Structures are given as C-alpha cells and as structure tokens.
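Shown next, in structure tokens, is the structure this report addresses.
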Amino acid sequence: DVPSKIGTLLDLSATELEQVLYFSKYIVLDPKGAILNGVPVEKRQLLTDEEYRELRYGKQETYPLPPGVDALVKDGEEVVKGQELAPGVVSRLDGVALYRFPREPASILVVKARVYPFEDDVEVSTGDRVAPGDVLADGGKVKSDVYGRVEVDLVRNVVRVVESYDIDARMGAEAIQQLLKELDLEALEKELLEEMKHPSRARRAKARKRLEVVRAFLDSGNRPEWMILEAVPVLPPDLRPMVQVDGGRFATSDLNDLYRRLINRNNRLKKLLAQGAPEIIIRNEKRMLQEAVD
Amino acid sequence: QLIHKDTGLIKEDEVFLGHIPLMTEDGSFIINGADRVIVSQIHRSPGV
Amino acid sequence: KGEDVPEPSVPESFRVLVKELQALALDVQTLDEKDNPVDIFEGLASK
Amino acid sequence: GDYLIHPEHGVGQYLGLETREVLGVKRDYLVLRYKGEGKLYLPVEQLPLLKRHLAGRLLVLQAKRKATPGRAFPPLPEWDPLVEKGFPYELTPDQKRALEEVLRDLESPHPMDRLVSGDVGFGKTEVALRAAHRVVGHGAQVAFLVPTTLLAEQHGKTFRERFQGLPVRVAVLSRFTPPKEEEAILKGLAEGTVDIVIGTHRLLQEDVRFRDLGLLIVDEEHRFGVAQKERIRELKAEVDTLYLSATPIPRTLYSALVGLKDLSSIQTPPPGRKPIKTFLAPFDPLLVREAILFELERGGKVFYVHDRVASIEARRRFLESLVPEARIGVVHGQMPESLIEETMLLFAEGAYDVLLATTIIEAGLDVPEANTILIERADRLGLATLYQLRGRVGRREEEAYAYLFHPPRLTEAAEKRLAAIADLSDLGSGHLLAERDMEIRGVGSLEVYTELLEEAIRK
DNA sequence: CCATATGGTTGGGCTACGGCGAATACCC
DNA sequence: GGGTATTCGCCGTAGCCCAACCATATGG
Ligand SMILES: Nc1ncnc2c1ncn2[C@@H]1O[C@H](COP(=O)(O)OP(=O)(O)OP(O)(O)=S)[C@@H](O)[C@H]1O
C-alpha cells in the first residue's frame, strides 16, 4: 500500500525495498568505517553484490604473458598503477603481485594488499580482519596499518594483508527486521519536529506524515518488527472447505493450494539450508519464498 | 495447390476445413438441439 | 420442543470474522466497557 | 494410366502431361494421381526422377509353469569357494542372506523365481555371479538379456574379470556386435560351446537355439517391453527366473507379482556410503561453469544428459564456448560400435572429460570417478529413470552433486514428481516406497486371477 | 564380402471512461 | 520556495514424442 509504511519508517523508496526484499542489492547495518570509491559509507545504504564483494574481497587482476619469459616484477613485489609489470603488459590497479610458473613466470596476479616483513612470530592468523594501528607480528612491531584480512607468508617472511573492509550488509527481510529493531522513535520524532521547523513545505509535509505515523507507533504500543512475519498462522480447515461434489470433483478453496505451495517451498528450503547448498539457489529459493507468501 | 516457385512442385489436394452451420428453411439455426437465431447489428457506416 | 426460541451469545459471523482477522496476523481485542479482555469462544478451541 | 513409382513419394498413377502455369513461368509437368486424389504435377526436368513397375493364453502358460516344478538344482558346495575367492571384497550379510535365499529357491525342484532389491550400487552382480557359477557348475548355460548393450559390454568385462580361472565361454550378441561375430556366437551357443551370453533382444528376435534353459537372469524389465515381457515369457518356458529389476513396472504387473515373487530386498546394500547431495534449480550456465570447476577441482568425471530431440554436438560446442577448459564428448546413439567403444575407452582414458549422453540407456554405466550430474530435461522423464540417473552416479568415499533444471517451473505432474524425488535423504529403501507410490499411480485384476489360479491346478 | 541409410517393431514416458489526485508545471 | 492548476493516470467503475532395438537394403 502506498505509502509503504516500512519505507515510511526506514526512509527508503518502494524500489529500494523491492530490491532488498527480492535480493537485488544489499543494505548495510554498520558501516564499520568503510568507504565507497572515495566517499565513506553510511547507514541504510544500497550496495550491489559487486560492490559487496569488492569491499569484502576486493579487485584482484591476474594477467597472462609469453611462456618462458621473465617479467620485470618479481615475486611479492609492490606495483604502481600504470607500471610495465611484464615485458609488455601495463598495470591496471595498485597492490602486490605474485607469479604462477617459473623456469620466469607464466601468469601474474596483483592484489589490493599491503605487505610487512615479519622477523619474529605473528600475533594473528590467516583470515583475521584488523583495523589500522593494531599489532600484527614481531611481538607488535609489524602492525596493521590498513583495514584488511591478514595472510601470513612464512616463505618470504612477510605478513601481508589484503586490504578490505568488514562492513556487514545483508539482503533480506531479516535485515529489514534487524533495522526495525534499531529505531528509537523519540529522537526520530524530535528530528521530525526539526524538519517541521524548516521552512520547505514539501519536506515539512513529508516529515509531518512520517511524524503522524510514528506517533501512531508510539501510542498503539507496537514493535515495528511485528510487521515482519516469522510464523504464519494457519486457518481452520472448515473455513477452507475442500468438499466432494457429486461429480467426484472437490469444491476447493484456493487457500488450500496456497498453503500447499507454501509448505512445499518452505520445507524444501529448510532441507536446502540443512545441507549447505551453494548460495545462488538459496537466493532464488528465498525469492520464491517471498513470492509465495505474497 | 501448394506450389513452390523454384522447383515447380505442385502438391494439389482437396483439404477438409471443418463444418459450417446451415440455415433451416424458415431461417433459424439448430445448434446442439437448441433453436437459435442471429440478430442484425447496426453501426456507423465506413467512409469519410 | 414448543417454547420460545432463545437468543444466541457470541455471533457466528463475529467469531469467523475474528478468526479471519487473526489469520491476517492481526490481533483483535474484543473488550468490555472496562478493558477486560472478554473471550467469546469460552475457551473452546483455545489453549 | 501406369503404376509409376516416384522415388520420393512411392505410389503414383500416370495421368498425362501438363503445360501448366507458374508466376509467369512456362515449365511443363507430367502428372500423377496419388492415394486419395493426390495430383502431383511434377516438372518434366525430373524425367529420370521417376520409375515404373490373445493374452490369457500366456497367462495360463505363466500359471502352468508357476504350478510346474521343472527342474532341481544340486548345491555343489565345493566349486563356489574357488570363484568366491575371485572377488577381493566383503559381502553384506543382508546380501548374503538374499543370496542363500535365492540359492535355496534354486535347489528346490520348483522354479527359482525371486527378486532382490535395494538402493543401488552394492554389487547386485555378485549374487548373480555365484548363482551363475553354480549353474555353470552343473554345466547349465547362463543367459543375460540386458537393458543396454553398453551395460552388456560392461557386464562382459566384469564377467571376464571373474572368469579368469574358469573356462567359461562368454559372449555378447547385439546390434553393436559385428555380424561375423554375431552368427559365430549364434553358432557357438547353438551347439553350446559358448557358455554364458549377454546381449539385447537380437538374442530374442533372431531365433537363436539354446542348449540349457536353466537360469534366466534379467535386470530392469521396466524399460524392456510389455509385448517384449511376453517375449520374455516365450523365452521362459520351464526356466528358473531371477530379476534384478529394483525399478519395477508401474503395478500393471507388479500388483500381482507380489505374493508369487518372494521379494528379497536388502538394506544398507553398501557400507561406507555417502548421501547424494542433490540440488535443484532452473537453468543457469554460470552454475554449470562453477560445477565443472568443482569437478575439475576434485578431478572427477561428469555426466551430462539431453533430450536428443535435435543434434547434441551443437549444444556441445555451445558448452565448450562456455567452458573451453575441459574436453567434452558425445555418446549419442545411432552410431556404429566403433564410435561408441572409442568414446568408452577414451573416457576410460579420461582425457575426454564430460560424457554428454542423452539417455540412461546411453549412460547406465557405473563409472567410478563420476561425482557430478546435471540434467536439463528433467521435466520429460519418468521417475524410475530419474533416480536411476541419481544412483547411477555414485562411488565409495565420495560425495555427489546433482543439478536438475526446471524450464517452466510449472508442470504440476512433474512438479509433484520432482517434489517426491527431492524428498530424498540418502540410501536405504526410499526408492522402494517411492516406487510404491508410483505404482499406486500406476494402476490408478484379482478377480480373474482367482479364476485362473483355480483352473491352473486343473490343467 | 563387409559396412552403412533408412524402415519399421515395441517401449518407454510425455503435453475503456468519470475522476480525485499528484508530481509537476507555471507563476511571483 | 509558497501558491495554483493540471493532466494524465490509473482507481473505481484425450492426444502424441522420443528412445532403443532389430531388419532390409544398399554402397567401396
Ligand atoms: N559385497 C559388496 N558389498 C558392497 N559393495 C559391493 C560389493 N560387491 C560389489 N560392490 C560394489 O557394487 C558396485 C556394483 O556396481 P553397481 O551396478 O552400481 O551395483 P549393482 O547393485 O550391482 O548394480 P545396480 O544396482 O543395477 S546400479 C561396485 O561399485 C562394487 O564395488
């Protein structure tokens, strides 16, 4: 129903909740001090899965080269964007590089990673994420100076770290419910009053409507999270009477068919999560689940 | 006459195209035993 | 039986409407005049 | 007025010559009447392109041989340790029980008529191996009418893997079998110097003469044939019958088959097994890319099926355009045996990586390294075929991944069919109850059977 | 004399308008 | 940026298909 009351509270548009409720883009919970291509990120933020991966795992580019030919870059070497990394292949991004097959490499990756050579022990393990200014290795001498996940290298005695953020964003009604758990209505009402003190009559009217809705949420005594369903009720069966007509057919309420399709898809996705399926069919099945309950 | 222009193949046949309801003598129609009729329909003439 | 037909208590339409509304994930609070939550089903099909 | 024969359209009746019309083109025609006024006006340039000129009989036969003993079987309890040595593996005690059960059905003068079932991949061969060894232990021949000539070739490979220390003369007769070898095998078992035969129903249609009609072991009668079931009955005059058809007929015979076929299923057929981690989806090529990446990670093999409604090599080139890494090969039918066995030995070589079949009859092989199976055309499949694809991949110490794709997501028969497929957990009797439900749908009579049971004792 | 093209066999399975409104346009 | 239409714009008004197998003919 227009205006969407969930979108009225959580300050969105119908397209954005369409996205996050049919798994088109992420939405954040904590920015965790991340960034988006130069501008830092904020709460209630759209995010493509491309950007989600890029801020989580990042952009790594691997390049081919002539077979049996030694490259200008050596193993574990800093690369500048625009460098002639190869005999003939120009760089693209900024990070450290690794070979594939010497004799004199065959292919070379470069990654968004800082490197810090360790001499003594490492204080962390591989996969551990850590902010700048925090210790990493050599009893605290080698330390984290970028946001990223650490990879130790006992071979070259280098604690490297692939520079990435630990921002939590999700795609789902669980995430919408998560945001709905975190609404102080009081300062919300107060800043709505501040927009009432603003001149601009359009934003004044929008804030007026949002204020009336949130005052209704105040007085009615409700968690807005109760707009999200987690256990759907099941009607008495006689009110959906699937009965036998004289011709052998069953005069049947369509609610029985609806309940059947919901039970089928629901127990199917329970079984799917029970095994640890690859996530693509998980997203598609949750899409069909929301479609079915709709 | 299914006639290909190029090879000159002329597959000629006498196909069957369903049934057409026939008018009675007095002017009615007999559809499934029911007695039916068609009423004329006036409308605007074409042209300018 | 040959007497006056009595008067029904909770309405049949009332009851099925309450259950249809509770089917829509919507609690409906049937009250008295003093906000005591009155049951209309007498605990028949309610735990 | 001639009985002419068009080389393309067969019968034709000469009518004359026509100088008929085209769109402003003057070519001439000779004219032919066909069946039901087909007046083809053939152009004259095609002048040398024309020439001139019931069951109750079998039912009471079945009830007769049911009432008839036929022959008895001695045990010979010394020969079977020798060949029993020849398989270095342990035997399931359920399987050993069913083995001794069907062998005591053999040793009775009644005809041995049983069916051992169970969830596949357990050596259903081995009971048939030692039963056939006892049968050739008394000199009696062993036949095997097979579902697939590929399975015939694999079964002959396993039999020769067992018959090393035995002087057993085995053979395979099929369409794929070369004709000199075909009639040489027909000769060799016609006088019986060939002992054990496998093959498809050229064995049943070329009227071969047999020498010992003792033991008949047939598998997978579900796709054999109904009138070819009657052909099996023609073959089965006074015989002892074993069926390794875990996948039965949809209760159009399997209703009455219970009772007189002592159902001898085994449970937990193999130990050390893995639940088949199936999935299901609609079609997506990137998922195929990730799946073939998974199987090249584990270094395994891949089956891939199709509908065969068109060519499959064009689809194969399309998948190779998707994945230019692996080496994909088609085992399409209607090819000579040279092509099929070259593909089989190249996947034994395994430089070829993806077996692109179109049929379970094209792909009923217990290839060990296969652990990934993908299906596009799961909508147009019978359930028995579907789980036969499922169990047909499967090896010890290894998981399995199945990706069955729904194009419409809508066909309600196949919707509930794939639902009652996807209810699976792992091995053990779930196929049996699934077949039970499918057979409920299969019927969906005892009265005439009570009549024929009565008269069969009188006959 | 041997090796395919195509035939036919059975089986297996299958489907245009009132009309309030509203982003927007026009105005001062 | 507040005020004034506005204009469309949707809301309400019981049949095959395809697979394998065997057979005959037919070309090197
Ligand atoms: N005694 C045994 N116990 C367990 N597994 C065995 C035994 N003997 C053989 N096997 C395995 O069983 C498999 C036989 O191949 P399958 O054909 O898949 O099994 P099958 O049951 O004989 O045939 P099906 O059921 O028609 S697929 C092989 O992988 C053998 O290693």
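Chains as they are written, first to last, in full-length UniProt numbering: chain A, 107 to 209, 389 to 579; chain B, 99 to 146; chain C, 1072 to 1118; chain D, 322 to 374, 406 to 796, 811 to 825.
For every residue, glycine included, the Cβ atom is placed at its ideal position computed from N, Cα and C.
Check, Outcome
"Residue-level contact to chain A via CB, residue 638/D, 9 Å cutoff", "yes"
"Residue range of the beta strand (DSSP E) that includes residue 593/D", "592 to 595"
"Cβ pair residue 601/D, residue 794/D closer than 9 Å", "yes"
"Continuous beta strand (DSSP E) assignments of at least 3 residues falling wholly in the stretch 504 to 562 of chain D", "522 to 525, 548 to 551"
"Where residue 699/D falls, given that 16 or more other Cβ within 10 Å makes a residue buried", "buried"
"One or two residues paired with residue 825/D in a DSSP bridge", "According to DSSP, which records beta bridges pairwise, residue 825/D is partnered with nothing at all."
"Interface partners of residue 521/A on chain C, CB under 9 Å", "1087, 1090, 1094, 1116"
"Contact test: residue 623/D Cβ vs ligand 1 heavy atom, cutoff 8 Å", "yes"
"Reduced DSSP category for residue 529/A - H, G, I as helix; E, B as strand; rest coil", "strand"
"Member of 599/D, 573/D, 762/D whose CA lies at the smallest distance from the CA of residue 470/D", "599/D"
"Heavy atom of ligand 1 within 8 Å of residue 655/D beta-carbon", "no"
"Residue from 566/D, 665/D, 477/D, 714/D whose Cα sits closest to the Cα of residue 679/D", "665/D"
"Under 9 Å by beta carbon: chain A residues contacting residue 631/D", "557, 560, 562, 563, 566"
"heavy atom of ligand 2 below 8 Å from residue 438/D C-beta", "This structure simply doesn't include ligand 2; it includes ligand 1 instead."
"Through-space distance from residue 411/A to residue 429/A, alpha-carbon basis", "13 Å"
"Alpha-carbon spacing of residue 101/B relative to residue 363/D, whole angstroms", "11 Å"
"Buried versus exposed, by CB contacts within 10 Å (16 or more), residue 711/D", "buried"
"Minimum Cβ-Cβ distance from residue 122/B to chain D less than 9 Å", "no"
"Residue-chain proximity (residue 517/A, chain C), Cβ-Cβ < 9 Å", "yes"
"Interface positions of the stretch 415 to 449 of chain A facing chain D (Cβ-Cβ less than 8 Å), listed along the chain", "none"
"Range covered by the alpha helix (DSSP H) that runs through residue 448/D", "445 to 459"
"Three-state class that DSSP yields for residue 100/B in the structure shown", "strand"
"From 357/D, 765/D, 428/D, residue whose alpha carbon lies closest to that of residue 456/D", "428/D"
"Closer than 9 Å to chain D by CB, residue 553/A", "yes"
"Cβ of residue 333/D within 9 Å of any chain B Cβ", "no"
"Proximal chain A residues relative to residue 771/D, where beta-carbon distance stays under 9 Å", "549, 553"
"Contact test: residue 571/D Cβ vs ligand 1 heavy atom, cutoff 8 Å", "yes"
"Contact set between residue 514/A and chain C, taken where Cβ atoms lie within less than 7 Å", "1096"
"CB contact check: residue 507/A to chain D, cutoff 9 Å", "no"
"Cβ of residue 574/A within 9 Å of any chain C Cβ", "no"
"Closest by C-alpha distance to residue 502/A, when choosing among 405/A, 479/A, 474/A", "474/A"
"Limits of the unbroken alpha helix (DSSP H) element including residue 448/A", "Looking at the DSSP string, residue 448/A is not in any alpha helix (DSSP H); the run it does join, the beta strand (DSSP E), is 443 to 448."
"Straight-line gap, residue 749/D to residue 626/D (C-alpha atoms, nearest Å)", "7 Å"
"Segment contact flag, the stretch 432 to 447 of chain D with the stretch 475 to 492 of chain D, C-beta cutoff 8 Å, min 3 pairs", "yes"
"Three-way DSSP call (helix, strand, coil) for residue 507/A in this model", "coil"
"Bounding residues of the alpha helix (DSSP H) (the contiguous stretch that carries residue 410/D)", "408 to 419"
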